[PDB]
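Listed below, chain by chain, are the residues.
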Amino acid sequence: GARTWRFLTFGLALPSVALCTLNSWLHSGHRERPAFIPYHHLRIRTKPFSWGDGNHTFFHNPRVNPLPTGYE
Amino acid sequence: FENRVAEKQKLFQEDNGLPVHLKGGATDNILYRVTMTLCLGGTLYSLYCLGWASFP
Amino acid sequence: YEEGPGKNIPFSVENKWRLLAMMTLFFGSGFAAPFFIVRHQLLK
Amino acid sequence: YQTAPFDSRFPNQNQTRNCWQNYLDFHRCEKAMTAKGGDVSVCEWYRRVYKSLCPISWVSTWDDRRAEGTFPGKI
Amino acid sequence: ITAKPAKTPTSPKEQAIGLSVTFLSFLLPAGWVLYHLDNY
Amino acid sequence: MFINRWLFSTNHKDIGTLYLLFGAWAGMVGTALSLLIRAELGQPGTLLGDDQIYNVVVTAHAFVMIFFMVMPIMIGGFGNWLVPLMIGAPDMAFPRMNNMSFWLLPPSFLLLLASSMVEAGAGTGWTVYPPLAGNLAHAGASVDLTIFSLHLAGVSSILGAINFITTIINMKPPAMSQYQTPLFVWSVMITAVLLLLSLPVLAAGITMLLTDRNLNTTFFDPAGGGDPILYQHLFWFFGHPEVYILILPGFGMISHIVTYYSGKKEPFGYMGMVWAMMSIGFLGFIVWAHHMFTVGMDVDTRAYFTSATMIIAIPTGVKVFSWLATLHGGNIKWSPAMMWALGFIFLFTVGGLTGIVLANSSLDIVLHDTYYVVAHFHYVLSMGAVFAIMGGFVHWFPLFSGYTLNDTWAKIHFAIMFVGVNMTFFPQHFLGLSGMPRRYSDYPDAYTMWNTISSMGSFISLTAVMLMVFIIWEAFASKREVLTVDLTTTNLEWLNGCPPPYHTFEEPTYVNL
Amino acid sequence: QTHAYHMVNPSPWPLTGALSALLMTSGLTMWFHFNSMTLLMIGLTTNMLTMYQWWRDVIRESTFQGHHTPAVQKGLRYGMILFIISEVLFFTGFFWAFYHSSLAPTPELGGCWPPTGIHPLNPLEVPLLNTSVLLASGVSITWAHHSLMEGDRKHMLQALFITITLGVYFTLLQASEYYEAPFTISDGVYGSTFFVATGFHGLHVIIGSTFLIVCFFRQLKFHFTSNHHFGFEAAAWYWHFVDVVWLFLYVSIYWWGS
Amino acid sequence: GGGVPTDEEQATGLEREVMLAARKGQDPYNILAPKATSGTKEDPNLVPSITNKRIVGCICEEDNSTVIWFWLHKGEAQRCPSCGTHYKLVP
Amino acid sequence: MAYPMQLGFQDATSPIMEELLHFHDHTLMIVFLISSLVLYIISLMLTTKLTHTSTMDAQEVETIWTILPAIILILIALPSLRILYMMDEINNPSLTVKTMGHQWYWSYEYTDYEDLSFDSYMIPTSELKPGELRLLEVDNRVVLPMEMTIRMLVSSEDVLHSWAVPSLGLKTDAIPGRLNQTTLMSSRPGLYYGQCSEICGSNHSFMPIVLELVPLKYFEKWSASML
Ligand code: HEA
Ligand code: HEA
Ligand SMILES: CCCCC/C=C\C/C=C/C/C=C\C/C=C\CCCC(=O)O[C@H](COC(=O)CCCCCCCCCCCCCCCCC)COP(=O)(O)OCCN
Ligand SMILES: CCCCCC/C=C\CCCCCCCCCC(=O)O[C@H](COC(=O)CCCCCCCCCCCCCCC)COP(=O)(O)OC[C@@H](O)CO
Ligand SMILES: CCCCCC/C=C\CCCCCCCCCC(=O)O[C@H](COC(=O)CCCCCCCCCCCCCCC)COP(=O)(O)OC[C@@H](O)CO
Ligand SMILES: CCCCCCCCCCO[C@@H]1O[C@H](CO)[C@@H](O[C@H]2O[C@H](CO)[C@@H](O)[C@H](O)[C@H]2O)[C@H](O)[C@H]1O
Ligand SMILES: CCCCCCCCCCO[C@@H]1O[C@H](CO)[C@@H](O[C@H]2O[C@H](CO)[C@@H](O)[C@H](O)[C@H]2O)[C@H](O)[C@H]1O
Ligand SMILES: CCCCCCCCCCO[C@@H]1O[C@H](CO)[C@@H](O[C@H]2O[C@H](CO)[C@@H](O)[C@H](O)[C@H]2O)[C@H](O)[C@H]1O
Ligand SMILES: C[C@H](CCC(=O)O)[C@H]1CC[C@H]2[C@@H]3[C@H](O)C[C@@H]4C[C@H](O)CC[C@]4(C)[C@H]3C[C@H](O)[C@]12C
Ligand code: CUA
Ligand code: NA
Ligand SMILES: [Zn+2]
């Protein structure tokens, strides 16, 4: 019945989301970025990207995404 | 809100010979003409772009 | 819509010589295209 | 020594990991020996096997990456 | 199958024209390209 | 009226007609490409240029023959025309989505012809293997245009598969079980299931190739930890089912043609024929790596793929023997369509048997990437799929058009095409055994005689294709209107006359339990 | 006619859809190679116009004109099931790519998974929250379904609104995790498999959320009866498909692949 | 808590016609397989039509894969050309 | 190498190639027989005015139609898989040689003892010496010892290639980032030819393989002279 699935929605499902939201909130905060090492299997560039200067990924984050030449 | 489905059933069953994509009235014709103009015009532009890209 | 022989097709068969012309252009353009593509690639 | 013998760890047509493992084993051994100041001659078997199996350009690329600090294997 | 006689009969002469025009529509354009390959 | 009818169709027959016109045009392109191949190889030396222009022609030949000629004619053309009529249905389940399956193909074809016109073309083979198909060895737009062509052809066929499965399951007379539908209808339902499952995997693989080429992914690039051989697995997971997709509707048409021209009410061993097609469809998903016997896989893997591939001969044999058993005791009518079907049974058998030779991984070491493979697949495609298409076309042309062909001309056409295809492909066995590689613009001098004869064969096939255009013209030119058709009691598609009205089965059939 | 099946009015949308496909593909070509977005933006616009008018007409034919007999509805059920199967096989290709790369990591990676220099996300942080969100949305959409069958307009709307809100939450969480991720699509086969597989999944979540929002407005306008609501069933099946793909991604890429 | 329309309130067009006919045990849109009579000339299978002819498919014996198709015309009962079962049109 | 008007395989140079010839003869007899039987049966079905058009019972005959083909496939599979596993057997090679495919030539590396490597390019048609074979000769042949088990390792430094020598029964794909192994044993001295067997771009037709098989003592002196 609808009554039972509403009971599960409010009694189990959304409490689970609230608990995992709390869990994520507590373990949030910027972890320290690692030493840049120019590994050849990472920061692949076989063709410039079709946006920006060709060298920045689509959701480039200056804080944690180094360029082939290192952090900006 | 109120249930106005009966009034839309009357409009879409009116015996006027219109196909279903034009049967809502003048706005359907406009949105049809915009769609078909962008498609046919875009297709001509894609052909021009092939012409251009076919030579160095 | 028209029904019956010669009416259930997007091309006319009313005149066999106009039809020969249309079929010539249709099949001929398909067969010619690769030769003209090779010509295009050779002429670059 | 003629060539690298059959190795039951790598019995199939794909010999990539055989070259790789012997290259790692040689450089791990050489590091262990140079560190305590022991003798790299104990590492000789790994050297002969990787030189036999590994393409010259793979060894050359791996050597360049060890010198650069970009070699991704654990030595 | 049975069928009526032709509503617009195609005489041997008319067939020779249709067959000739059909073959030429395939052969002349390809022939022109292959003849001129050296020029390309 | 013309636009509403031919650009805005929701009618299974008119959409079928659009597919047959599209496929016929595609067949002329594919034929021209085949003649450029054989012109290059017809004497030792270089005719056109190096392997790039040559492999652009070879690659386009395959894509045009497979995606724009065979699939549109068998599935889009015969399937749309015949399936609703054979189950008494008033149209397809999704008659407007049906029209989009058709209209995706001209743009798909345009993207393929654009690939060949820009830069130096896609000289990759129809398999499009990286790294040759990657952004270093094939820099520029050609391979991306090929990928997008395949994406549109893939969507066309996926939506078409959803349409056929739904129509065949949901729109039969309520008394008719699946075991009372004609074999052609079974052949289209099974082909549609193969398309539904296989094309999405191709879509995933060519999408990965697209992102390796344009978004700096490395699915197939060892520098990023990728593997060129992963592409091969994804491609062939599709590519083996694809060849069963190309033949299954041909098997269905052959069952109908052999039954009809034997004067029989029914094919021999109906349930065996259904079993055989479902078995072939299933086995066709578990054999793909017989395309990869030289890539370096483990011996036990090669043993499994050898064995699983050979199993397909059992259900396939049941179909061949069932066709022979349909002929047995027939009142044989030596129609042109019967000649196509009899050539099919024999020539398909020969190409199936050379497939069984290739299934042996040990022997495939020496035959792989040689003309022996080319001989195998042209026996099953250029003498199997094509013979079924020509048989179906001459058998059902009067249904579709309301006019008859000249049977004498159609028999002449059969005789020329039979000589041409055998002269083209039989000698390629010798070239393969003696080691001539695939995708070569030129060959060591020893291979000259068989390449010369093969090229002469291809010109005989060209003469057949030109004559076929004339034969279709002569039928429309003369206008011999159909009067009576025999065996309508076991061939429902004929019972509404020739051509059938735009709307058929407005009042459905009466079938009681 | 004395059968129950739908003879559809001649329609331009198949042709506008086919041409929108040409404009999107030739547009992507023109964006990747000739530094221009114009064709692509025309193709995306005509694709959206086509989808809008086509599905509008399906609502006209069904809710307003009565063409969806039980036989037509049964056909649409099969159509949507077959469509979902095809989408399952599409994702299978990306899962195959992922397992191929991760089970036999090549020397370029360091011969290990995850590769040297890759710092995976913690699967117990936002990825676990995302799991809770999509599972919760599977519960709320079931509540919405039962409310509709029981004739309860207000509870159907509340449950469906909750389902859409969770779909939006998942999408905003994934956008933020994309931005925060220390690895990119260009970080070898790890970045390739991660972003393409989770990216197609994200696109399917946006499509599914859009479908649910279409159902929400149709419900506001009283289109659905307590017995006839195939658009809602189809959106719910699609939404369960999106949930199940997520569970496979979570176990495979986020957890087992960390 | 109500506010959702029923099919009885809101179904229209052919959907509504099918709905209302099924309540009356009637099948004008051919959703059900008709049940055979003994099929003798005295007790022919009665084939409804809105015109003067309709296609019959005869599954002559249970589990035959072969269906026998023919036009049934208004007038005297006709027979399946395979099994001789009688059918009569009722326009 | 192949010779004009050749119908079958190049003569076997290795024991495994001999095995493949006898396996092909067995398989081809079966192909000939089945092809012949089908053509004969077609012709028998089509050559009588006698008729039988009533429903025919299928089950008895379908037993024959399935069992006989299953037996024939087992008769192919048994020797097929014996040969597959024989090629895979452990042999103890005396020598390892690497080949790297390139656009458009082969490089060879003999690095068991010294750093010996060289490039191997097709002899252009205009530079053939009288008696030499168009598209098949190379400048630098792959000299190898006869009557010895050799491990050949195959890779690429660019696109796919495939390293083939038909008379030895050899074909190994050349895949960048992968080292594929095969074994080579020539029963005879001589010159053994092959051709690149994976489409690799503009000069795919023009990057052949020439093995030169000689006594060990000659191979050792050649090796020394190539450093
Ligand atoms: C219609 C297309 C089609 C069909 C139906 C088939 C059918 C089969 N094919 Fe083929 N094939 C291709 C098209 C097709 N093929 C193409 C295009 C390629 C190349 C792809 C590329 O690289 O571009 C190819 C390649 C290909 C390869 C790879 C070879 C290589 O690249 O090295 C192999 C390997 O096993 C294979 C085998 C088979 C087998 C076993 C069948 C079986 O299904 C055949 C079964 C039929 C019979 C056996 C005949 C009838 C049976 C009897 C009369 C019963 C008695 C028989 C026996 C007891 C044996 N084919
Ligand atoms: C359906 C598939 C199909 C068909 C029919 C053919 C037909 C032909 N093919 Fe090809 N071919 C392939 C699929 C096909 N091919 C594939 C997949 C490859 C591998 C590509 C690769 O290596 O990447 C290939 C490769 C290939 C090669 C090897 C190239 C190389 O390795 O370098 C050669 C060499 O001769 C060849 C020649 C021919 C010839 C002369 C024909 C002739 O027989 C063609 C003659 C003409 C016809 C058969 C008519 C066609 C038209 C119709 C039937 C229209 C009908 C009209 C109506 C019904 C109205 N093709
Ligand atoms: C919250 C998730 C929602 C996704 C929306 C994001 C972008 C647009 C559309 C996405 C569609 C999904 C998959 C397409 C492929 C790649 C995108 C993967 C997901 C994504 O968005 O990946 C991003 C890269 O995007 C890039 O390159 C962007 C590249 C944009 C161009 C896309 C190219 C389209 C590919 C063609 C599609 C083919 C479809 C096949 C149809 C099959 C028919 C049979 C990751 O960012 P990053 O900066 O690298 O790393 C994060 C670092 N902080
Ligand atoms: C690089 C970019 C390349 C991308 C190419 C894009 C290709 C084409 C552009 C797409 C334009 C889409 C326009 C909307 C189409 C809606 C189809 C639809 O909804 O079709 C329905 C049937 O399919 C059903 O149900 C169930 C099936 C619904 C399918 C919806 C459309 C899918 C489009 C892409 C699918 C690819 C598959 C992904 C897996 C690989 C309805 O059938 P109709 O015959 O209309 O009506 C029947 C009447 O009785 C209804 O009252
Ligand atoms: C930003 C992203 C851009 C990419 C484009 C995709 C974006 C958004 C698309 C969202 C999908 C919305 C679909 C809306 C369909 C509304 C029409 C509808 O739902 O129609 C219903 C029928 O279902 C039907 O056709 C079922 C029709 C089902 C279609 C579902 C399609 C899923 C689409 C996927 C398309 C592309 C995916 C490819 C990804 C690679 C009508 O019948 P009922 O509901 O019973 O009503 C009748 C009752 O009132 C009678 O009492
Ligand atoms: C209704 C039917 C459909 C309407 C069709 C409309 C077609 C007209 C589009 C205008 O054409 C544009 O021209 C720009 C040039 O002015 C290009 O800019 C691009 O190309 C430039 C070349 O100089 C560079 O500056 C950059 O790449 C970039 O700005 C761009 O590609 C191109 O689209
Ligand atoms: C694979 C498919 C092709 C198969 C072979 C085609 C058969 C040939 C058909 C004839 O084609 C023509 O041949 C002429 C020569 O015979 C060419 O004229 C060329 O040669 C003439 C004689 O030298 C000159 O007068 C002309 O100006 C000159 O264009 C002409 O252009 C070309 O159309
Ligand atoms: C209904 C039809 C009527 C309207 C016709 C359509 C008119 C559209 C013309 C706009 O052209 C655009 O110009 C931008 C700027 O010139 C380009 O950005 C390009 O250049 C930018 C920098 O200038 C870069 O940032 C981008 O990455 C890059 O794609 C963009 O591609 C291109 O589409
Ligand atoms: C007042 C109105 C009545 C709708 C009606 O019966 O016509 C109610 C019924 C259910 C309501 C919706 C649901 O309660 C869920 C949402 C609750 C939020 O607090 C507001 C928006 C929200 C999306 C509501 C908007 C609106 O007030 C709705 C649609
Ligand atoms: Cu190297 Cu082909
Ligand atoms: Na040549
Ligand atoms: Zn009967």
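Residues numbered from 1 in each chain as written, not as in the entry; some residues may be left out. Chains lettered and ligands numbered in written order. Part of a larger assembly, values for the part shown. Heavy atoms only, no water.

For this entry, the PDB record names X-ray crystallography as the structure determination method and reports a resolution of 1.75 Å.

So, about the site of ligand 6. Near ligand 6 you find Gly 41, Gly 42 and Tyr 45 of chain B together with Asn 35, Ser 36, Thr 38 and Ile 42 of chain G, and these make up its full shell. In this structure, ligand 6 is bordered by residues of chains B and G. A distance of 2.7 Å is found between an oxygen atom of ligand 6 and a side-chain nitrogen or oxygen belonging to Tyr 45 of chain B. In the model, an oxygen atom of ligand 6 is placed 2.7 Å from a nitrogen or oxygen of the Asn 35 of chain G side chain. In isolation ligand 6 exposes 740 Å². Once the protein is present, 38% of that is buried. Sorting the residues of the shell around ligand 6 by element identifies α2 (26-53) of chain B together with α2 (38-64) of chain G as the ones contributing at least two each. A total of three residues in the shell around ligand 6 trace back to one element, the largest contributor, which is α2 of chain B. Tallied by class, the residues present in the shell around ligand 6 amount to two nonpolar, five polar and no charged. (Near = heavy atom within 4 Å. Polar contact = N/O pair within 3.5 Å; in protein donor to acceptor, adjacent residues only side chain to side chain. Areas by Shrake-Rupley, 256 points an atom, 1.4 Å probe, with all protein chains shown as cover. Helix = DSSP H or I, 4+ residues; strand = E, 2+ residues; numbered from the N terminus. Nonpolar A, V, L, I, M, F, W, Y, C, P; charged D, E, K, R; others polar.)

Another point: the pattern of salt bridges. By the definition in use, this model includes 27 salt bridges over all chains. The residue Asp 144 of chain F makes a salt bridge to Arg 213 of chain F at a minimum N-O spacing of 2.7 Å. Within this pair, whereas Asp 144 of chain F is found in helix α6 (residues 142-170), its partner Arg 213 of chain F is found in helix α7 (residues 183-214), the two being separated by 69 residues in sequence. Taking relative accessible area as the criterion, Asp 144 of chain F reaches 0% and is therefore assigned buried. Across the salt bridge formed by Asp 445 of chain F and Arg 134 of chain I, the nearest N and O atoms sit 2.8 Å from each other. Taken together, the residues span two chains, with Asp 445 of chain F in the loop between α16 (428-433) and α17 (448-478) and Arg 134 of chain I in the loop between β3 (116-120) and β4 (142-145). Connected through shared salt-bridge partners, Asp 28 of chain B together with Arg 56, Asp 57 and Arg 60 of chain G make up one network. (Salt bridge = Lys/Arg side-chain N within 4 Å of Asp/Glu carboxyl O. Buried < 20%, exposed > 50% of the residue type's maximum accessible area, 1.4 Å probe, protein only.)

Time to look at the packing of helix α1 (residues 12-35) of chain E against α17 of chain F. Helices that pack against each other are described as a pair by the angle of their axes relative to one another and the distance between those axes. Where α1 of chain E meets α17 of chain F, the axes come as close as 9 Å, and the angle between the chain directions of the two elements is 135°. Between α1 of chain E and α17 of chain F, the angle falls in the class oblique. Remark: the crossing between α1 of chain E and α17 of chain F carries right-handed chirality. Residues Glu 14, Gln 15, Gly 18, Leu 19, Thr 22, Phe 23, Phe 26 and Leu 27 of chain E of α1 of chain E pack against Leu 462, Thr 463, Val 465, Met 466, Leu 467, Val 469, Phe 470, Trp 473 and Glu 474 of chain F of α17 of chain F. (Axes fitted to C-alpha atoms, helices over the stretch in contact; angles between N-to-C directions. Parallel < 35°, antiparallel > 145°, perpendicular 65-115°, else oblique. Left-handed = near helix turned anticlockwise from the far one by under 90°. Contact = heavy atoms within 4.5 Å.)

Time to look at the site of ligand 8. Around ligand 8, the neighbouring residues are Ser 50 and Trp 51 of chain A, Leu 38 of chain B together with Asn 35, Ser 36, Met 37 and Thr 38 of chain G. The local environment of ligand 8 is shared, drawing residues from chains A, B and G. In the model, an oxygen atom of ligand 8 is placed 2.8 Å from a nitrogen or oxygen of the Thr 38 of chain G side chain. Compared with its free state, where it exposes 730 Å², ligand 8 has 32% of that area covered by protein. Tallied by class, the residues present in the shell around ligand 8 amount to three nonpolar, four polar and no charged.

Moving on, we come to the interface of chain G and chain H. Contacts between chain G and chain H engage 24 residues on the former and 18 residues on the latter. Taking both sides of the interface into account, the surface hidden between chain G and chain H amounts to around 1,600 Å²; carbon and sulfur atoms contribute 56%. Between chain G and chain H we count zero salt bridges in total. Summed over the shared surface of chain G and chain H, the number is ten residue pairs in polar contact. Tallied by class, the residues present in the side of chain G that touches chain H amount to six nonpolar, 15 polar and three charged. (Buried area = accessible area lost by both parts, 1.4 Å probe.)

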